[PDB]
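J.: only geometry, no sequence info:
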Ligand SMILES: Nc1ncnc2c1ncn2[C@@H]1O[C@H](COP(=O)(O)OP(=O)(O)OP(=O)(O)O)[C@@H](O)[C@H]1O
Ligand SMILES: Nc1ncnc2c1ncn2[C@@H]1O[C@H](COP(=O)(O)OP(=O)(O)O)[C@@H](O)[C@H]1O
Ligand SMILES: Nc1ncnc2c1ncn2[C@@H]1O[C@H](COP(=O)(O)OP(=O)(O)O)[C@@H](O)[C@H]1O
Ligand SMILES: Nc1ncnc2c1ncn2[C@@H]1O[C@H](COP(=O)(O)OP(=O)(O)O)[C@@H](O)[C@H]1O
Ligand SMILES: [Mg+2]
């Protein structure tokens, strides 16, 4: 190991994969770390520990040099910022260069290097800390934003972009001629600073930011003072609205209102000031009707406040007594200003419920002003009460009840920006505590929005910090000691918490003692809506608001309890926001509200919900064609038909995407979502004139690393995902296409929670994307996402209202309309064309077709696909049939042509609508088809076929093929019958019709067989067959297509051949298991190929168009164990055929052909082939009918058992002597017993099989005893398979057993009759072709030892894999070594696999495919496949070489399974394991076997000295029965260990007693005073017999 | 949930303090040292009586309230400071009893209460205690006369303590003093005995 | 009698299903410095302990298959045991134990000498009768 480690370190090097020069870079860290993980040993251990320290230094040094090269290798301003810091970074660069040189070309030097790296990182940390202390609003940013700002020294840029993050309500800096005149708010408002901020090259970032912040506060104060003086001078507000910013007019108007209402409250006078305020409101509304956008926002916010003033004054006027008037005036917020204080910024204080607070003069912009409701003022009052004693204001209640907005409005009224902690699982501890300390040091207010959504550890960790903050505030502390630093504590900070208890938890106790909780469950949606409508200009606003609230209440109470229904306040405010663009057309009235309710709420409702909506809208409320015409034109261009439902849904989607930037289209598969949005996009392109670029991205097929992008564990290099790539390509707009074109990203798959956690911030109001590398990508207005789902089971209620939801409750078509569209599309896919189109179109007479579809829905369909989704198969099949027969149509009469067309349409309908049903249901459906068309047309029968043009039948085509004797070993020989030809013909039609096929059927029904028969005899198609497993990925399919397909520009995927289309046979597509969120990767990938004809490359993000690749499937029904039903969105794209078990006639025909082939070997009995066929078929039919799966999990039978019986009879005849009739009958009976009755339950069931076989012989083959113990067959005692004699057989096997035990292992096995019979049976099963074992027997029943003995006697070699911490790589390495030894040495293998070694179902599926074929294709690919072919060429046409490889594996491979308990249950019912491995029932031991084993093993111990043996054996077996019946097979491990322990204990104790008796006899002889000794000796001799009996 | 090994090797006791109304009033009065005139002391007396009454009414889950709340010393401190601030800013001896009534009922004590029924329960008790009338029969036995305008605060503390010493707590204080019907507390006793007897039945049929 | 059954087993490796982790402590005290404790480079340290001849105790019995030869006592005499992919000599002093603290595959169940420690109402009766 030391030499290997030394060689590995001497071979250790570096990879040139970096950019520019940097450092040399290393890859594959995990392998090196796993390899790395007395003086020589001590030196090696010290070297390894030092190496681990050096690799820690290495990973940390690139982890730091990511940012260090980001800010130092491409930005000299940071490294030249401060002089001592410049020298420090110069030393940094020199050390970096010197360690780079010595890495290209030392232990203490590199220890000093990592020490210096820690020192410089600490220095950079304290430098950023000092930068944050100078400007504590830096401390809201990450490290990288700080580095960018401090590098923007003399640039004045990129510090205007992060000031939304730093300042909360600033969008950008404005600067003219290197001087600052103000800032821009988020709402576009400009703030005019009092004086320009002079700037030079010799300036620091934090210095001018401090000047800017203090000047912002002083400028807001100055605007407030000027506005207040102007309003005091009698100047109207209508002229000063457009003069100063919103905050100044806000505070000045509030101060004037407070002063005037107090002056008029000192007396009983309110009407004058009420009229003044009302006139101000009316003037503001009149100006709002005719003002610009910024003035619109200003007047809207001032109107919120003036309606609050009007409400308060109206409340005060109606008070009967002055005491209640003073009470009502004390409850509202009151604004004052000091006069004696010359300090400008502390001159305004605010009084609520007696207590006082301070205005802070921070700039806020024009925020969305909350409507002043009484609950809002009570929330203000309790927040004031909590703040007055330096407590914390807490809020609890239901979700969406106005808590965070109330905290934000409190902060806005108090002239400050409340920084909001959007608490979720994304906020880890360090950023949360950092922004907490920023809120502490600034003096800002931190609202913990949704505080109950934290994890437990982070909730406790930050509850400690909030408790420390509150305890510092309460006692008037100056500094708080949290995060290991004594940060300043400004006495103006606060912490608010809004949470939802039991939705979840309550406030923790440590925070419960420092806070004051409050419940605010019910917002007043009435007065909110009334004030919003009054602001928006509606003439009747109060009654309209009451109507809207009542209607939303009725919809919440009457409609169904679906998850995506939200009828609360957010929906109401969305309706009100959508009213105004409809106000611009309909007008200010009820019609606008009704139409906005239809545009906003109605898309998300169902059908009965739609009726409820219409009824309540008619009861409560009283009550554009250009885009409709353009939609109709675009639909007629696209082939669709404008039904009323389809036009309604198209209009809804268009009017709804008018406002919302991302939509969710929900509805059952086939309802018309993609057609809807494609029609809408085409119509919008035609109407508006903008070009439209569309992109379809199935969500679940691509993983999130492929969708977005991720780092590298060794290099940390960002790789663009698909969505990030397309967004960057539309952000850059290099060519210029994406400046005047709408760009759509359609997520045409199912929503996923863990996928949408990274989509939420994309869908947030910021329209920004969160990436691991720190890049932020904006979303343009014309970048609209679309979703297309079929269910919303895992969609959180956070995104149902964040994203627009459109609901498709029913189909947008009739059946006839889809038939017409499919016909036209298939015609366009293609003097004869027009008449052909006319005939195909008018032969679809809907009057009978309606009854046909309604009589085809009711039949039992397996893999149930809706009746509306069979239309594609029916129409496309009929069109392709007529287009195939078009050549000979110019020379036939109209009657015969009409009959031919009618027959082909009948065939299409029969094999589309009820092609997925049983045989009898097919007869019923064809009877219905023949009835409903009428009897004048050609009658399609069960076997009608068209030959070139005349009526024909399938019965006159089948070839009577005569295979020779030795082709029954080949598993792919297909005996053609009527059903096989029918299924191959319909398969060819459905394959050529550009349609997918699904072959659903029971195990052994002939799915793979008819599959490969159909596309092995075809010269126009080829198979890439795949067997699926539980753990299947998308890359498995691409690996399967790797050797048959080529990439051509890769923008297009083509088969490697040039004349044959490729067929992707995917066997058992039910195996891909659901993920944690109920979806499968492989079947969604298949849906993507069959629907959209292409897929997205995962490393390049390119659309690889599919041209000539088909997809077919073959899977067991979903009701079987181990299978999961597939999504109907995929199965609606594939025509479904049902393959039942063949009938008795076809079975007897196939197996009489097999018996002719086998009796060509023995021609003297060539006339008895048919009775043998009826014998085998009748025996299997009885074994299936009388024995069902309800008895055991292995009571399944198929034609595979008959084929195995034929192969066994063939190998016994070939390896046997000359045969009589009696010998042939007894050989067939013995083979039938060994194949069929290797699994029957009891002796009664086996006797029933024996009488069945006797009756079968007496009925078909006109007898000695033919039981399992009478037909003793072997080949060990002779040179051929014959009946040998028991005495010589047992003597030979006992002698060879003695040789085994004396040569290899000292195993004390016990030989018995059951063991002899079972080693005979397993030697028989290992003497066949493709012999494998499913040995059902309890533990320690001798199964593995018997297998090893048989393998030793037959010359097999033994390999037993060492299966913990082992995987498919090591398993395939061992298997490759074993198969290479088998191929290059002809060494027959006995590969032992126990049930303790089958850890994963992937191993089971590997053997399952192995036994489906006689080999596995993907084990050998690439270099290993080339090496295998070279070795085959050296030892001995690729097809012939692989055929011989398959043959030699099938003849020279024997893997066995040892199972005790029958994850392993699905193995038994698995069809391809059921193919060739023989299930041997060892059985639990019975009384006879237990007694025989005990008698044979205890016979070598002297015990008959106190018969005893039979009595003690009966005692032991009966106590074992009592134990197992008073405490599944019953193990003899306890039994065998007990007998062994008894044997050794008896031997040792008898030896000890013999020694004691010899010593006592010697003492007695020596002794022979003495009377007592003689008496004692006599007593001992008398009691010795009882002592011996007691001993035993 | 405390950890099981910590709760195992230890001796556990479950405590139950006296739910007596007069004992809680006496404890609150003794813990207070009042300082603003005589009216601050009088309002502290009223607040102590109200807090004791509401804490005693809390214990009766189905009838005294609808849920189990927890009014404690911090809530008492907030109410006392609000009374001090009301008396400080209003020195014209026209005390805004409506202000303290609504603020204590809706914001101080009724902040944590979400159900409406408990809210007018608290409102009724606030209206009774803080009525500010000339004659105040807090319970049908004792009365608290208002302070007169010619004395000091120490004699007022002495007089209210003397009123406390004269008071005797009857055995039916859970219904007579809390203005509850006798059938209500009888039903509460019936429910507690019923749950005890039913649980003994379930534990006894095993 | 549990200890007697544990240490009167020369042919099968004993099993110690002890949830209180008392059996592991008592056998570590009994064996002194020779106790080498493992749980489910553990294969490498198992091979080194087998070559040295040290007693090995393995916890987490419910997570039991690479020790199949050692648990079944299938040795080659030339005494050599082929563990993993290399034949390893046996010093003869090697003893193996299996421990579990969670009161199992059938191969593990029926190849060892299972010893169980449990308390119930019968244990309560026995303890109060003894007192
Ligand atoms: N207006 C129409 N007139 C006629 N046929 C139509 C019309 N709209 C849609 N169809 C038919 O409906 C079929 C359903 O396909 P479509 O793409 O609309 O489904 P979908 O809603 O996207 O379903 P899925 O969820 O399975 O993807 C189309 O193939 C088309 O033939
Ligand atoms: N004056 C108001 N009072 C209460 N709610 C309002 C007012 N104005 C608007 N709202 C609406 O109430 C909603 C409050 O939800 P929010 O408090 O954010 O819930 P949570 O904080 O629990 O997520 C907002 O969507 C807002 O549109
Ligand atoms: N027409 C037929 N001619 C010859 N053999 C048939 C025919 N129909 C069924 N069989 C036998 O039935 C078995 C079908 O098994 P298979 O189709 O491989 O199962 P699965 O469909 O589960 O893969 C084969 O072993 C085959 O020999
Ligand atoms: N009938 C038997 N007679 C003697 N020993 C047995 C017998 N059956 C099992 N054993 C013991 O079990 C060990 C192997 O049993 P094995 O064949 O692996 O049973 P299983 O395959 O059911 O686990 C052998 O070393 C042997 O000592
Ligand atoms: Mg198959």
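T.: Ah, there it is. Numbering: from 1, shown residues only, chains lettered A, B, ... in the order given. Ligands and ions are numbered 1, 2, ... in the order given.
J.: Was I right to think residue C:38 contacts residue C:58?
T.: Yes - counting by CB atoms under 8 Å, residue C:58 is a contact partner of residue C:38 at 5.0 Å. Every C-beta, even on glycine, is put in place using the N, C-alpha and C of the backbone.
J.: Have a look at the two and say which one is more surrounded.
T.: residue C:58 (22 against 15; other CB atoms under 10 Å in any protein chain shown).
J.: What helix or strand is the residue sitting nearest the centre point of chain A located in?
T.: With distances taken as CA atoms, centre = their mean, residue A:1075 lies nearest the centre of chain A, 4.4 Å away. According to DSSP states H and E, residue A:1075 maps onto no helix or strand at all.
J.: what's it in contact with, if anything?
T.: By CB atoms under 8 Å, 6 or more residues apart in numbering or on different chains, the contact list for residue A:1075 reads residue A:1081.
J.: Next one: it relative to ligand 1, how far apart?
T.: Relative to ligand 1, residue A:1075 is positioned 19 Å away (CB to the nearest ligand atom, to the nearest Å).
J.: Then residue A:1336?
T.: From residue A:1336 to ligand 1 the distance is 45 Å (CB to the nearest ligand atom).
J.: residues contacting residue 102?
T.: No chain in the question, so chain A it is. Counting by CB under 8 Å, 6+ apart, residue A:102 makes contact with residue A:109.
J.: could you do chain B instead?
T.: A:327, A:331.
J.: Which residue lies closest in space to residue B:132, excluding its sequence neighbours?
T.: Nearest residue to residue B:132, sequence neighbours excluded (CB to CB, 6 or more residues apart in numbering or on different chains): residue B:97, at 3.6 Å.
J.: same thing with residue A:173?
T.: Distance criterion CB to CB, 6+ apart; nearest residue to residue A:173, sequence neighbours excluded, is residue A:160 at 3.8 Å.
J.: Need the three-state assignment for the one you found.
T.: Under DSSP: H, G, I helix; E, B strand; the rest coil, residue A:160 falls in the coil class.
J.: right, and it touches residue A:167 too?
T.: No - under the criterion of CB under 8 Å, residue A:160 is not in contact with residue A:167, lying 10.9 Å apart.
J.: Those two: which is more packed in?
T.: Each of residue A:160 and residue A:167 has its neighbours counted (other CB under 10 Å); residue A:167 has more, 22 against 17.
J.: Okay, that one and residue A:128: tell me how far apart.
T.: 19 Å (CB to CB, to the nearest Å).
J.: now residue A:410
T.: Taken as CB to CB, the spacing of residue A:410 relative to residue A:128 amounts to 33 Å.
J.: ditto for residue B:201
T.: Applying CB to CB, the value for residue B:201 to residue A:128 is 70 Å.
J.: For these two, indicate the residue with more neighbours.
T.: residue A:128 (17 against 9).
J.: Please, which helix or strand holds that one?
T.: helix A:107-134.
J.: If we go by neighbour counts, what in that helix is buried?
T.: A:110, A:113, A:114, A:117, A:120, A:124, A:127, A:128, A:131, A:132 (16 or more other CB atoms under 10 Å in any protein chain shown).
J.: Next: stretch A:765-775.
T.: In stretch A:765-775, counting by 16+ other CB under 10 Å, buried: A:769, A:770, A:771.
J.: and what of stretch B:29-45?
T.: The neighbour-count check on stretch B:29-45 (16+ other CB under 10 Å) flags B:29, B:37, B:38, B:39, B:40, B:41, B:42, B:43, B:44, B:45 as buried.
J.: Thought residue B:161 was touching the first one, still the case?
T.: Just to be clear, that refers to residue B:29. Yes - in this structure, residue B:29 is within contact of residue B:161 by CB under 8 Å, at 6.7 Å.
J.: How many residues are close by residue A:582?
T.: The burial count for residue A:582: 18, using other CB under 10 Å.
J.: That one sits in which helix or strand?
T.: Going by DSSP H and E, residue A:582 is in helix A:569-583.
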